Amino acid sequence: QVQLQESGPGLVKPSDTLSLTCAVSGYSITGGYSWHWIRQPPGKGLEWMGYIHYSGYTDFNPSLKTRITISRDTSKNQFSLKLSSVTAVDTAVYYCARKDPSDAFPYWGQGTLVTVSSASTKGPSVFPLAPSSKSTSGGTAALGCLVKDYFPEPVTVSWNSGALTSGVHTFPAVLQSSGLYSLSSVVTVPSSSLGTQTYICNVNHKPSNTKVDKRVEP
Amino acid sequence: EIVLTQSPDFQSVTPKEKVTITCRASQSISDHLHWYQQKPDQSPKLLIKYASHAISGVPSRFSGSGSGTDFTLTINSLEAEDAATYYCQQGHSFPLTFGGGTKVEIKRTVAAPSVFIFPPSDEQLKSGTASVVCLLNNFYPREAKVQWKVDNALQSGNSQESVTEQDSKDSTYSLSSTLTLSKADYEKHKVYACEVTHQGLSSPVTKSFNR
């Protein structure tokens, strides 16, 4: 088990330079293999960016070479990525990946999304979608969170700290006319559980440092 | 720059059926082609190596074959599990390259939307705007139409939809339509209706509320 974990500011302004680090745990970046950066534009497909070898040797994809560098801290078990003079084309999800000689990628990080705009971060407001039924109905009721007026992507929504998983649908964010994002998260429950159990949405927007719990009740 | 071209680009497969996917390289990479699966919001998952070798911890379901310029991946028995998009990758020379992907959708039986309507909360309301949302839960196919009615006046250009990804267990879609109005505009009216038109629904459904 290796573990790749990328961090970096998720919003960087255009013409500025994007910096990302991959913390690697459970294996040594100087032990072997190659350490790669790959990005995926939203809606698009994977573009391979460059890499650094266990030796410290690096190489890159052209169409990026003249604006991109990659370095490492062996003392910290991390390699890094610098992409200068950034434009909207660079709005993507960035992945850490450890490549074998195959040369295939068995291990990847979760991906971190960087979006490139001059616009400011906006923490969201959270409103409840009251359950469709009472606890004496005896069928299924639906209740949700509505996360509204935030920038940038992404926001994360779980129910009851993550104990509640089944029947949960989180809709992709929809870019509003004000250029602010917005989504809803809904859950369907047996109606009888409305009088026996409390549903909380946990809404999480790192870029504004916002963590909100909303108790959804009638 | 070896360029890779996959086929098809989108594909609709009935459950428990075979999915074939093909790559066409621009020169002979022989052995050196891998296949990844990517469900949405997740990192890709290696499926096939070299280009017919199986990964450990990967269903016997999946398999690959091909050489030089043409390669084929096959899922022998489509499972809901397999609602992803498939990539091939070339390992013959740098730069490293992936195909455009192949979205595979699972064509399950028709399901009918479960419709729900939600008044805007009084916290949001007290803040000037009112959002009324209509949840169409668990349906197939993806296609459906949602008509807002306010006091029977047909609303246009003030709504917005979002549609979820294909469920990985029952393979159905959910939809959300959001009507946004001014708080002033909100109580100039009494009835609010989400009218739903869909294939699995013999006649259109309307869900509403008052006050």
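Residues numbered from 1 in each chain as written, not as in the entry; some residues may be left out. Chains lettered and ligands numbered in written order. Heavy atoms only, no water.

- With the PDB entry as reference, chain B is termed Fab Hu 15C1 Light chain, source organism Homo sapiens.
- Recorded in the entry header as its title is "Fab Hu 15C1".

- In the nomenclature of the PDB entry, chain A corresponds to Fab Hu 15C1 Heavy chain from the organism Homo sapiens.

**Quick word on the domain arrangement of chain B**
All names here are of chain B.
- Split by domain assignment, chain B resolves into domain 1 (1–107) and domain 2 (108–211).
- Distance from the C-alpha centre of domain 1 to the C-alpha centre of domain 2: 37 Å.
- Taken together, the contacts link ten residues of domain 1 with eleven residues of domain 2.
- Between the two partners, domain 1 and domain 2, sit one salt bridge.
- With a closest N to O distance of 4.0 Å, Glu105 and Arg142 form a salt bridge.
- Joining domain 1 to domain 2, the criterion identifies five residue pairs in polar contact.
- Considered class by class, the residues forming the side of domain 1 that touches domain 2 number five nonpolar, one polar and four charged. (Domains from an automatic or database assignment. Contact = heavy atoms within 4.5 Å. Salt bridge = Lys/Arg side-chain N within 4 Å of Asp/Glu carboxyl O. Polar contact = N/O pair within 3.5 Å; in protein donor to acceptor, adjacent residues only side chain to side chain. Nonpolar A, V, L, I, M, F, W, Y, C, P; charged D, E, K, R; others polar.)

**Thoughts on the nonpolar core**
- Grouped together as the largest cluster of nonpolar side chains are 25 residues, with contacts concentrated most on A:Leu18, A:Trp35, A:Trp37, A:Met49, A:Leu81 and A:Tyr94.
- At the level of elements, β3 (18–25), β4 (34–40), β5 (47–53), β7 (68–73), β8 (78–83), β9 (92–99) and β11 (112–116) of chain A are the ones that each hand at least two residues to this core.
- Those residues in contact with A:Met49 that sit more than four places away from it in its chain are A:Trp37, A:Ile38, A:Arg39, A:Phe60, A:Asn61, A:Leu64, A:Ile68, A:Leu81, A:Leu83 and A:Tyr94.
- One finds B:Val19, B:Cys23, B:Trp35 and B:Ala83 within the second-largest nonpolar core, a separate group that totals 24 residues. (Core = buried A, V, L, I, M, F, W, Y, C linked by side-chain atoms within 4.5 Å. Buried < 20%, exposed > 50% of the residue type's maximum accessible area, 1.4 Å probe, protein only. Helix = DSSP H or I, 4+ residues; strand = E, 2+ residues; numbered from the N terminus.)

**Considerations on unusual backbone geometry**
Residue and element names in this part refer to chain A.
- Each neighbour pair has its own omega, and for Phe151 with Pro152 the value is -10°, a cis peptide bond.
- Cis geometry marks the peptide bond from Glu153 to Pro154, where omega comes out at -5°.
- The backbone of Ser85 sits at a positive phi, close to 50°, despite the residue not being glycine.
- A positive phi is found at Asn160, a non-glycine position, where the angle reads about 55°.
- If you trace the backbone, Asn160 turns up in the loop between β14 (156–159) and β15 (168–170).

**Here we look at the pairing of strand β13 (residues 140–150) of chain A**
Residues and elements named next belong to chain A.
- Most of β13 is tucked away, with nine of its eleven residues classed as buried.
- Where strand β12 (residues 125–129) meets β13, five bridges bridge the pair, whose relative direction is antiparallel. For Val126, the partnering residue across the bridge sits in β13 and is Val147.
- As judged from the ten bridges shared by β13 and strand β16 (residues 181–190), these two strands associate in the antiparallel manner. From the neighbouring strand, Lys148 faces β16, where its bridge partner is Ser182. (Pairing = 2+ DSSP bridges.)

**Regarding the side chain of A:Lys99**
Residues and elements named next belong to chain A.
- With respect to the helices and strands, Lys99 occurs in strand β9.
- In this structure, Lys99 is buried with no salt-bridge partner, the nearest side chain bearing the opposite charge being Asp103 at 5.4 Å.
- A distance of 3.4 Å separates a polar atom in the side chain of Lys99 from a polar atom in the side chain of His36. (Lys, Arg positive; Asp, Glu negative; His and termini not counted.)

**Some words on the state of the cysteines**
- Per the stated rule, a full pass over the model turns up four disulfides over all chains.
- The disulfide bridge from A:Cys145 ends at A:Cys201, spanning 2.0 Å between sulfur atoms. Handedness of the A:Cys145-A:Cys201 disulfide follows from its S-S torsion of about -135°: it is left-handed. Pair noted here: A:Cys145 is in strand β13 and A:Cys201 is in strand β17 (residues 199–205), with a separation of 56 residues, a long-range link. The same class applies to A:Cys145 and to A:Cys201, which are both buried.
- Bridging B:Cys23 to B:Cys88, the disulfide has an S-S length of 2.0 Å. With B:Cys23 in strand β3 (residues 19–24) and B:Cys88 in strand β9 (residues 85–90), this residue pair connects regions lying 65 residues apart in the sequence.
- Residue class for B:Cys23 comes out buried when judged on its relative accessible area of 2%.
- With relative accessibility at 0%, the residue B:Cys88 sits in the buried group. (Disulfide = S-S within 2.5 Å.)

**As for the domain arrangement of chain A**
All names here are of chain A.
- What the domain assignment reports for chain A is domain 1 (1–118) and domain 2 (119–217).
- Between the C-alpha centres of domain 1 and domain 2 there is a distance of 32 Å.
- Each side of the interface is counted separately: domain 1 has five residues, and domain 2 has seven residues.
- Both sides of the domain 1 and domain 2 interface together cover about 460 Å² of buried area, and 66% of this is carbon and sulfur.
- Our enumeration of links across domain 1 and domain 2 arrives at zero salt bridges.
- Classifying every residue of the side of domain 1 that touches domain 2 by side-chain character gives two nonpolar, three polar and no charged. (Buried area = accessible area lost by both parts, 1.4 Å probe.)

**Considerations on the pattern of salt bridges**
Residues and elements named next belong to chain A.
- Tallied over the full model, the rule gives 13 salt bridges over all chains.
- In this structure, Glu47 engages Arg39 in a salt bridge whose closest nitrogen and oxygen atoms are separated by 2.9 Å.
- A relative accessible area of 23% means that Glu47 is categorised as partly exposed.
- Using a relative accessible area of 4% as the deciding quantity, one classes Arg39 as buried.
- For the salt bridge of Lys76 with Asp73, the shortest nitrogen-to-oxygen distance reads 3.8 Å.

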